[PDB]
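Below you'll find the structure, written out as structure tokens, and then a few comments.
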Amino acid sequence: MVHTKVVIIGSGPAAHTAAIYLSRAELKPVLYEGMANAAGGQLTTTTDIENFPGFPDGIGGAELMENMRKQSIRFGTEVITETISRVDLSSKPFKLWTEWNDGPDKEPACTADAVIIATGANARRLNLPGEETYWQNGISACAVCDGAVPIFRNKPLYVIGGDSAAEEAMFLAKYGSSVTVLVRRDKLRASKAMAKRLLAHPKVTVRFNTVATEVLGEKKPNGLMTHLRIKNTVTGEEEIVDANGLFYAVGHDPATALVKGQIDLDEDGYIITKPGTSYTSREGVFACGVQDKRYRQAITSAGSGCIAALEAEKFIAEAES
Amino acid sequence: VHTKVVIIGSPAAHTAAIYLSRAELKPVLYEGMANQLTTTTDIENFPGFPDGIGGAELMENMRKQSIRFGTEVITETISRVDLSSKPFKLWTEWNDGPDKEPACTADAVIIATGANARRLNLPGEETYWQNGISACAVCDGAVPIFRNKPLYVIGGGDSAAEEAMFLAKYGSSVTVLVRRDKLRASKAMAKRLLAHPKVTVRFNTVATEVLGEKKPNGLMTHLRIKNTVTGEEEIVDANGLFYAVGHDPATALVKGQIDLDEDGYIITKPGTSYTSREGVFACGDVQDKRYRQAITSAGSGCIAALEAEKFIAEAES
Ligand SMILES: Cc1cc2nc3c(=O)[nH]c(=O)nc-3n(C[C@H](O)[C@H](O)[C@H](O)COP(=O)(O)OP(=O)(O)OC[C@H]3O[C@@H](n4cnc5c(N)ncnc54)[C@H](O)[C@@H]3O)c2cc1C
Ligand SMILES: Cc1cc2nc3c(=O)[nH]c(=O)nc-3n(C[C@H](O)[C@H](O)[C@H](O)COP(=O)(O)OP(=O)(O)OC[C@H]3O[C@@H](n4cnc5c(N)ncnc54)[C@H](O)[C@@H]3O)c2cc1C
């Protein structure tokens with residue numbers, strides 16, 4: 001609003017959990033779920049989520065984020081579907097503008113004594129042909145999230161060069177019949193340990209200089225990905241192979257462009273906060289859910305969002321006189 | 001018997017077991033017939049359930065999910081554990097003799113035995129538990145049965161003052177019953193307390209009897225307190241009571257094998273589940289002290305599950 005108590009940025013699970021706790025505490029939090037730069041939590045793209053506690057028969061990420069939003073709005077979180085353009089973490093009240101409403105002379109869209117960050121760190125997508133067709137119907141980015149799906153059990157699994165690829169491929173090896181790793185360039189970017197225990201792992205091969213040209217599959221309602229046209233890049237040699245599952249592993253892009261140094265970041269881009277909390281490099285502003293790069297999960301993000309809400313309340317208690 | 005990774009405890013422990021069994025391991029989960037959300041009647045503070053879910057139903061859903069993904073859930077208490085050898089030895093309750101054999105040893109082990117808030121065993125506590133009584137205010141604060149109504153809190157530590165200053169955001173008048181003449185809390189916490197408008201502190205007073213509606217689904221209405229110095233008991237209008245004394249962490253089975261803090265909780269590398277001993281992880285309320293929440297507990301359990309998967313992968317290669 002004109003001046004709120006606390007503002008949370010992002011549509012993610014962390015943001016909605018923090019908003020649940022903050023609206024429970026009667027703190028009147030505002031939540032900016034944006035207009036990805038997806039609509040709703042970045043988890044909505046997942047067709048079904050079975051690794052979240054409390055849902056033994058799985059649950060669609062779309063309706064799960066819808067339920068979290070309904071919880072937040074029921075508790076009193078004023079959620080507005082607007083993207084945040086610019087932040088001003090310099091004045092004592094944190095001011096934030098809206099995309100297409102930004103301006104050096106334009107008044108801020110919302111100011112608050114504290115701001116929680118859960119803008120998400122969505123894994124990069126290759127925007128391949130067929131990706132928008134078989135998205136989460138055989139094409140994913142987290143192996144710990146879609147590895148146990150029966151459509152990948154004892155089936156050829158292909159993964160596109162950082163360590164984020166091997167950490168998931170040596171795990172997918174516990175399901176598919178043959179896991180193959182497609183590297184854009186010869187050799188492995190990852191440190192020597194994962195490459196050593198990966199090339200020596202018997203259920204996974206590493207095809208260097210090979211990138212997937214296109215993603216082929218069925219063409220029916222909820223059609224599954226069946227094959228992958230991959231192109232060896234030293235001979236321009238295109239070749240279509242059996243691939244029931246494709247897993248993206250290019251480096252995740254955390255949405256930390258708003259801070260631009262107001263809060264301080266790491267080399268990979270993520271927001272640096274104290275371990276096990278949400279206290280950023282600056283008081284008042286806390287980041288949760290952006291927070292993690294080693295686990296990259298929605299339950300951990302929800303826990304860190306609860307953490308951010310609790311620490312936000314703890315801080316608001318001290319600021320009030 | 002022998003398994004991949006053993007998980008001690010009954011939400012984070014279930015979350016760790018879900019993630020372990022999903023990764024196609026052999027994770028034995030020990031609920032124990034032993035030695036907490038199921039005590040909670042209704043839970044609105046959990047995400048994804050806007051209309052709320054009972055703690056018993058939530059834990060039953062988590063349990064059937066875990067046993068669906070492939071965890072050998074065994075309703076047996078773990079008594080003693082010998083973390084000396086490279087494989088970790090465990091022992092069942094009443095089956096933990098010094099010469100007795102380990103029930104289900106494993107290579108790695110997750111700890112999520114929780115940290116239970118101390119109860120008072122007052123007359124009627126069992127009768128009116130979670131129908132007015134509770135232990136976490138952040139969990140049962142915004143419940144409509146407490147808003148704009150008298151609330152009484154028992155405790156002497158900083159947690160009691162924090163819970164009272166949190167509950168002042170709903171009830172008409174919050175009262176705290178210190179068992180002694182002075183506050184065990186810090187000076188800043190006590191200053192923010194006594195300066196908080198809606199809180200009232202009564203020293204040398206312990207709640208003696210919880211007296212509410214003995215209706216088939218009755219709530220709590222009144223509380224017989226007593227000035228512990230004089231012994232003069234007095235029954236006051238208490239719509240909602242809150243245990244806010246210290247919490248007992250069920251780490252007793254570790255017994256110094258893993259480094260512990262002064263309050264008893266298992267120390268961990270911040271932001272992780274790693275313990276002092278490399279190979280055993282601790283998650284949930286055992287390693288969490290500032291939050292005590294079930295969602296944060298399940299998050300820490302997922303942390304422990306992923307780090308144990310990584311550790312058991314790095315061990316055999
Ligand atoms: C294909 C894929 C599949 C996955 N499957 C699973 C799974 O099955 N189970 C699981 O637990 N995890 C899964 N994950 C992990 C997923 O990223 C989780 O959502 C993440 O761990 C937690 O999300 P978050 O809290 O970081 O916020 P996010 O979910 O990433 O929320 C991002 C939101 O931030 C908003 N935003 C960004 N910038 C702004 C801004 N300036 N102003 C306003 N809003 C902004 C965007 O609108 C976007 O909606 C998957 C990830 C990917 C890429
Ligand atoms: C009245 C009350 C209300 C609450 N309401 C909420 C709420 O609304 N929302 C929320 O998020 N949190 C709530 N909580 C917090 C609650 O305690 C959470 O469930 C807690 O944070 C989770 O703890 P845990 O996962 O670490 O272990 P828990 O699952 O809570 O308990 C660990 C289990 O380990 C078992 N165990 C111990 N030793 C052994 C052994 N040797 N062998 C086998 N098993 C053993 C014990 O039987 C115990 O049940 C509430 C707590 C209380 C007291």
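Each chain in the structure tokens gets a letter, A, B, ..., in the order shown, and its residues are numbered from 1; ligands are numbered from 1 in order too.
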
Within 8 Å of chain A, which residues of chain B come that close, and what is the closest atom pair and distance in Å for each? Count only C-alpha atoms and give it as a tab-separated table.
```
residue	atom	partner	partner_atom	distance
B:11	CA	A:53	CA	7.9
B:14	CA	A:53	CA	7.8
B:15	CA	A:53	CA	6.0
B:18	CA	A:51	CA	7.0
B:19	CA	A:51	CA	6.8
B:22	CA	A:148	CA	6.2
B:23	CA	A:148	CA	7.1
B:24	CA	A:174	CA	6.9
B:45	CA	A:21	CA	6.7
B:46	CA	A:17	CA	7.9
B:47	CA	A:68	CA	5.6
B:48	CA	A:68	CA	4.7
B:49	CA	A:67	CA	6.5
B:50	CA	A:71	CA	4.2
B:51	CA	A:71	CA	7.6
B:58	CA	A:54	CA	5.6
B:59	CA	A:54	CA	7.2
B:61	CA	A:54	CA	5.2
B:62	CA	A:54	CA	4.8
B:64	CA	A:56	CA	6.2
B:65	CA	A:56	CA	4.0
B:66	CA	A:56	CA	7.8
B:68	CA	A:56	CA	7.6
B:138	CA	A:25	CA	7.7
B:141	CA	A:24	CA	7.8
B:142	CA	A:24	CA	5.8
B:166	CA	A:25	CA	7.4
B:169	CA	A:26	CA	7.0
B:270	CA	A:275	CA	5.0
B:271	CA	A:276	CA	3.5
B:272	CA	A:276	CA	7.1
B:291	CA	A:307	CA	7.1
B:295	CA	A:303	CA	5.2
B:296	CA	A:303	CA	4.0
B:297	CA	A:303	CA	7.4
B:298	CA	A:299	CA	7.0
B:299	CA	A:300	CA	4.2
B:300	CA	A:300	CA	7.0
B:302	CA	A:300	CA	6.7
B:303	CA	A:295	CA	7.1
B:306	CA	A:295	CA	7.1
B:317	CA	A:197	CA	6.2
```

Write a file of the just-selected residues containing C-alpha atoms, as an mmCIF file, in the first residue's frame.
```
data_model
loop_
_atom_site.group_PDB
_atom_site.id
_atom_site.type_symbol
_atom_site.label_atom_id
_atom_site.label_comp_id
_atom_site.auth_asym_id
_atom_site.auth_seq_id
_atom_site.Cartn_x
_atom_site.Cartn_y
_atom_site.Cartn_z
ATOM 1 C CA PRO B 11 7.555 -34.212 10.642
ATOM 2 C CA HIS B 14 9.118 -38.316 8.118
ATOM 3 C CA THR B 15 10.273 -35.775 5.526
ATOM 4 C CA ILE B 18 10.325 -39.611 2.366
ATOM 5 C CA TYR B 19 13.353 -38.127 0.616
ATOM 6 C CA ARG B 22 12.332 -41.669 -2.841
ATOM 7 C CA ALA B 23 16.048 -41.880 -3.675
ATOM 8 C CA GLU B 24 15.673 -45.700 -3.510
ATOM 9 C CA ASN B 45 0.208 -22.460 10.325
ATOM 10 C CA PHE B 46 1.169 -25.155 7.788
ATOM 11 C CA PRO B 47 1.282 -24.175 4.098
ATOM 12 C CA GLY B 48 -0.741 -25.829 1.366
ATOM 13 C CA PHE B 49 -3.618 -26.471 3.788
ATOM 14 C CA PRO B 50 -5.653 -23.232 3.797
ATOM 15 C CA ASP B 51 -8.644 -24.840 5.535
ATOM 16 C CA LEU B 58 -1.121 -34.565 8.857
ATOM 17 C CA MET B 59 1.243 -37.018 10.548
ATOM 18 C CA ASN B 61 -0.618 -38.637 5.741
ATOM 19 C CA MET B 62 3.134 -38.132 6.150
ATOM 20 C CA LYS B 64 1.583 -43.350 4.687
ATOM 21 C CA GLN B 65 3.567 -41.237 2.207
ATOM 22 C CA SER B 66 6.841 -42.380 3.779
ATOM 23 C CA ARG B 68 4.636 -45.669 0.220
ATOM 24 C CA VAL B 138 3.005 -18.701 17.124
ATOM 25 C CA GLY B 141 -2.168 -17.617 18.508
ATOM 26 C CA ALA B 142 -4.525 -16.543 15.711
ATOM 27 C CA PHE B 166 3.102 -12.491 20.563
ATOM 28 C CA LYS B 169 -1.843 -9.393 19.392
ATOM 29 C CA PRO B 270 24.560 -23.517 10.897
ATOM 30 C CA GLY B 271 22.285 -23.951 7.904
ATOM 31 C CA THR B 272 22.923 -27.705 7.753
ATOM 32 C CA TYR B 291 11.750 -21.702 15.607
ATOM 33 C CA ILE B 295 7.448 -26.554 8.638
ATOM 34 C CA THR B 296 11.000 -25.583 9.615
ATOM 35 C CA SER B 297 11.343 -29.052 11.146
ATOM 36 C CA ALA B 298 10.386 -30.718 7.860
ATOM 37 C CA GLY B 299 12.743 -28.374 6.019
ATOM 38 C CA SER B 300 15.619 -29.402 8.278
ATOM 39 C CA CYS B 302 14.852 -32.577 3.992
ATOM 40 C CA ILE B 303 18.275 -30.998 4.575
ATOM 41 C CA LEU B 306 19.832 -34.722 1.081
ATOM 42 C CA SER B 317 33.003 -44.229 -4.136
#
```

Quick one: residues within 6 Å of residue A:190, only C-alpha atoms, excluding same-chain residues fewer than 2 positions away - as JSON, numbers by chain? {"A": [162, 163, 188]}

For N, CA and C atoms, I'd like the residues from the last selection saved as a short mmCIF file (atom, residue, chain, number, x, y, z; two decimals), in the first residue's frame.
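Wrote it out as again.cif, contents follow:
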```cif
data_model
loop_
_atom_site.label_atom_id
_atom_site.label_comp_id
_atom_site.auth_asym_id
_atom_site.auth_seq_id
_atom_site.Cartn_x
_atom_site.Cartn_y
_atom_site.Cartn_z
N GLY A 162 27.94 -28.02 -15.67
CA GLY A 162 28.37 -27.74 -14.32
C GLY A 162 28.19 -28.94 -13.41
N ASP A 163 28.68 -28.79 -12.17
CA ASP A 163 28.51 -29.85 -11.18
C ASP A 163 27.03 -30.11 -10.90
N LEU A 188 34.74 -31.86 -18.37
CA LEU A 188 33.72 -31.50 -17.39
C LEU A 188 34.12 -30.27 -16.58
#
```

6 Å contact set for residue A:270, only C-alpha atoms, chain neighbours under 4 positions out, as a PyMOL selection string: chain A and resi 254+265-266+290

Output N, CA and C atoms of each residue in that selection to a file, as a PDB file, in the first residue's frame.
```pdb
ATOM      1  N   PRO A 254      19.459 -16.934 -10.129  1.00  0.00           N
ATOM      2  CA  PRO A 254      18.701 -16.346  -9.020  1.00  0.00           C
ATOM      3  C   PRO A 254      18.299 -14.914  -9.332  1.00  0.00           C
ATOM      4  N   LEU A 265      25.998  -9.992  -2.736  1.00  0.00           N
ATOM      5  CA  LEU A 265      25.732 -11.299  -3.323  1.00  0.00           C
ATOM      6  C   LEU A 265      27.008 -12.136  -3.350  1.00  0.00           C
ATOM      7  N   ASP A 266      26.905 -13.308  -3.968  1.00  0.00           N
ATOM      8  CA  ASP A 266      28.021 -14.223  -4.148  1.00  0.00           C
ATOM      9  C   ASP A 266      28.480 -14.196  -5.605  1.00  0.00           C
ATOM     10  N   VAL A 290      16.267 -18.193  -3.326  1.00  0.00           N
ATOM     11  CA  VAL A 290      17.427 -17.324  -3.387  1.00  0.00           C
ATOM     12  C   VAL A 290      18.442 -17.735  -2.331  1.00  0.00           C
TER      13      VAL A 290
END
```

Give the residues close to ligand 2, within 7 Å, counting only C-alpha atoms and all ligand atoms; write them as a ChimeraX atom specification. /B:8-13,30-32,34-37,39-40,42-46,76-79,112-117,130,134-136,139-140,250,283-286,292-295,297-298

Residues up to 7 Å from ligand 1, counting only C-alpha atoms and all ligand atoms: could you list those as a PyMOL selection string? chain A and resi 9-15+32-43+45-46+48-52+82-85+118-123+136+140-142+145-146+255+258+288-290+296-299+301-302

Residues from the last selection, N, CA and C atoms, saved as a short mmCIF file (atom, residue, chain, number, x, y, z; two decimals), in the first residue's frame:
```
data_model
loop_
_atom_site.label_atom_id
_atom_site.label_comp_id
_atom_site.auth_asym_id
_atom_site.auth_seq_id
_atom_site.Cartn_x
_atom_site.Cartn_y
_atom_site.Cartn_z
N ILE A 9 8.62 -10.14 -1.50
CA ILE A 9 8.77 -10.11 -2.95
C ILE A 9 8.93 -11.55 -3.45
N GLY A 10 8.16 -11.90 -4.46
CA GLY A 10 8.24 -13.23 -5.03
C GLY A 10 6.93 -13.99 -4.85
N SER A 11 6.68 -14.92 -5.76
CA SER A 11 5.50 -15.77 -5.70
C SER A 11 5.80 -17.15 -5.13
N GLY A 12 7.05 -17.41 -4.76
CA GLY A 12 7.49 -18.73 -4.40
C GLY A 12 6.85 -19.29 -3.14
N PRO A 13 7.12 -20.57 -2.86
CA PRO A 13 6.61 -21.17 -1.62
C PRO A 13 7.11 -20.46 -0.38
N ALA A 14 8.37 -20.03 -0.38
CA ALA A 14 8.92 -19.30 0.76
C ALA A 14 8.15 -18.02 1.02
N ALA A 15 7.86 -17.26 -0.04
CA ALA A 15 7.14 -16.01 0.12
C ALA A 15 5.76 -16.24 0.72
N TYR A 32 4.18 -9.36 -3.28
CA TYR A 32 4.30 -9.05 -4.70
C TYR A 32 4.61 -10.34 -5.45
N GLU A 33 3.58 -10.96 -6.01
CA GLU A 33 3.74 -12.20 -6.74
C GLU A 33 4.04 -12.00 -8.22
N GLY A 34 4.21 -10.75 -8.66
CA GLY A 34 4.71 -10.47 -9.99
C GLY A 34 3.77 -10.78 -11.14
N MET A 35 4.07 -10.22 -12.31
CA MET A 35 3.29 -10.47 -13.51
C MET A 35 4.07 -11.36 -14.48
N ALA A 36 7.52 -14.60 -14.83
CA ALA A 36 8.89 -14.72 -14.34
C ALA A 36 9.83 -13.78 -15.08
N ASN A 37 10.46 -12.88 -14.33
CA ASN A 37 11.48 -11.98 -14.86
C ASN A 37 12.10 -11.16 -13.74
N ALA A 38 7.38 -17.88 -12.50
CA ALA A 38 6.31 -17.60 -13.47
C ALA A 38 5.18 -16.87 -12.77
N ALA A 39 4.00 -16.85 -13.39
CA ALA A 39 2.82 -16.40 -12.67
C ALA A 39 2.50 -17.42 -11.58
N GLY A 40 2.32 -16.94 -10.36
CA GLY A 40 2.33 -17.83 -9.21
C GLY A 40 3.74 -18.34 -8.96
N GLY A 41 3.84 -19.26 -8.01
CA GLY A 41 5.14 -19.82 -7.67
C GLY A 41 5.80 -20.48 -8.86
N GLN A 42 7.13 -20.35 -8.92
CA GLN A 42 7.90 -21.03 -9.96
C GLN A 42 7.78 -22.54 -9.88
N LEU A 43 7.17 -23.06 -8.81
CA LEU A 43 6.86 -24.48 -8.68
C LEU A 43 5.62 -24.89 -9.47
N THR A 45 4.99 -24.78 -12.58
CA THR A 45 5.30 -25.47 -13.82
C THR A 45 5.40 -26.98 -13.63
N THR A 46 5.68 -27.44 -12.41
CA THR A 46 5.71 -28.87 -12.13
C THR A 46 4.30 -29.43 -12.16
N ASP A 48 3.07 -32.50 -11.19
CA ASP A 48 2.71 -33.13 -9.93
C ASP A 48 3.92 -33.15 -9.00
N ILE A 49 3.68 -32.89 -7.72
CA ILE A 49 4.71 -32.89 -6.69
C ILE A 49 4.37 -33.97 -5.69
N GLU A 50 5.23 -34.98 -5.58
CA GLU A 50 5.03 -36.07 -4.64
C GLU A 50 6.00 -36.05 -3.47
N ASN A 51 7.04 -35.22 -3.52
CA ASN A 51 8.05 -35.17 -2.47
C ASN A 51 7.77 -34.10 -1.42
N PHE A 52 6.53 -33.63 -1.32
CA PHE A 52 6.16 -32.67 -0.29
C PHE A 52 5.38 -33.37 0.81
N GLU A 82 1.74 -7.84 -9.11
CA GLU A 82 2.57 -6.81 -9.71
C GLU A 82 4.04 -7.15 -9.51
N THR A 83 4.84 -6.91 -10.54
CA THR A 83 6.28 -7.14 -10.48
C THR A 83 6.98 -5.91 -9.93
N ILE A 84 8.03 -6.15 -9.14
CA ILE A 84 8.81 -5.08 -8.54
C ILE A 84 9.93 -4.69 -9.49
N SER A 85 10.01 -3.40 -9.81
CA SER A 85 11.03 -2.91 -10.74
C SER A 85 12.33 -2.57 -10.02
N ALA A 118 11.87 -13.70 -1.64
CA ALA A 118 11.72 -15.08 -2.10
C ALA A 118 11.48 -15.09 -3.60
N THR A 119 12.22 -14.25 -4.33
CA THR A 119 12.05 -14.09 -5.77
C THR A 119 12.41 -15.34 -6.56
N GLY A 120 12.92 -16.37 -5.90
CA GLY A 120 13.18 -17.64 -6.55
C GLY A 120 14.49 -17.65 -7.31
N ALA A 121 14.97 -18.87 -7.58
CA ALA A 121 16.16 -19.12 -8.38
C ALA A 121 15.84 -20.22 -9.38
N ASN A 122 15.01 -19.88 -10.36
CA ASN A 122 14.55 -20.86 -11.34
C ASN A 122 15.71 -21.34 -12.20
N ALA A 123 15.81 -22.66 -12.38
CA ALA A 123 16.86 -23.22 -13.20
C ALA A 123 16.69 -22.79 -14.65
N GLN A 136 7.74 -30.55 -18.27
CA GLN A 136 7.32 -31.37 -17.13
C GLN A 136 6.51 -32.59 -17.56
N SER A 140 12.54 -31.79 -17.19
CA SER A 140 12.58 -31.17 -15.87
C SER A 140 13.97 -30.55 -15.67
N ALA A 141 14.21 -30.05 -14.46
CA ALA A 141 15.50 -29.48 -14.10
C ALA A 141 16.03 -29.96 -12.76
N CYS A 142 15.20 -30.52 -11.89
CA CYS A 142 15.62 -31.08 -10.62
C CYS A 142 15.40 -32.59 -10.66
N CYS A 145 13.59 -34.22 -7.72
CA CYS A 145 12.17 -33.89 -7.75
C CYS A 145 11.37 -34.79 -8.69
N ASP A 146 11.94 -35.18 -9.83
CA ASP A 146 11.24 -35.99 -10.81
C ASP A 146 11.92 -37.33 -11.07
N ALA A 255 17.08 -14.56 -8.93
CA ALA A 255 16.53 -13.23 -9.20
C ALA A 255 17.03 -12.25 -8.14
N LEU A 258 17.57 -7.08 -8.49
CA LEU A 258 16.98 -5.89 -7.87
C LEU A 258 17.93 -5.26 -6.86
N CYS A 288 14.90 -15.42 1.73
CA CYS A 288 14.57 -16.78 2.12
C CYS A 288 14.16 -17.57 0.89
N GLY A 289 14.11 -18.89 1.08
CA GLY A 289 13.79 -19.85 0.05
C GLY A 289 14.79 -19.98 -1.08
N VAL A 290 16.27 -18.19 -3.33
CA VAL A 290 17.43 -17.32 -3.39
C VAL A 290 18.44 -17.74 -2.33
N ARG A 296 17.83 -26.66 -3.12
CA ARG A 296 16.97 -26.20 -4.20
C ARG A 296 15.61 -26.89 -4.17
N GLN A 297 14.99 -26.92 -3.00
CA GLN A 297 13.74 -27.65 -2.80
C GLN A 297 12.66 -26.73 -2.25
N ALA A 298 11.41 -27.18 -2.39
CA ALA A 298 10.29 -26.33 -1.99
C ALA A 298 9.97 -26.47 -0.50
N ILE A 299 10.20 -27.64 0.09
CA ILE A 299 9.98 -27.79 1.53
C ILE A 299 11.02 -26.99 2.31
N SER A 301 12.51 -24.37 1.14
CA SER A 301 12.16 -22.98 0.90
C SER A 301 11.01 -22.54 1.81
N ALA A 302 10.03 -23.42 2.02
CA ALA A 302 8.94 -23.10 2.94
C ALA A 302 9.45 -22.94 4.36
#
```

Close residues, stretch 145-148 of chain B itself excluded, 9 Å, only C-alpha atoms, min 2 positions apart in chain, as number ranges by chain: B: 131-132, 140-143, 150-151, 167, 169-173, 219, 239-240

Quick one: pull the distance between atom CA of residue B:287 and atom CA of residue B:266, Å, one decimal.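 Calculated distance between atom CA of residue B:287 and atom CA of residue B:266 is 5.2 Å.
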
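Close contacts of stretch 219-230 of chain A, defined as residues with an atom at most 6 Å away when counting only C-alpha atoms, with chain neighbours fewer than 4 positions off set aside, comprise residues 134, 137, 138, 211, 212, 213, 214, 215, 238, 239, 240, 241, 242, 243 and 244 of chain A.
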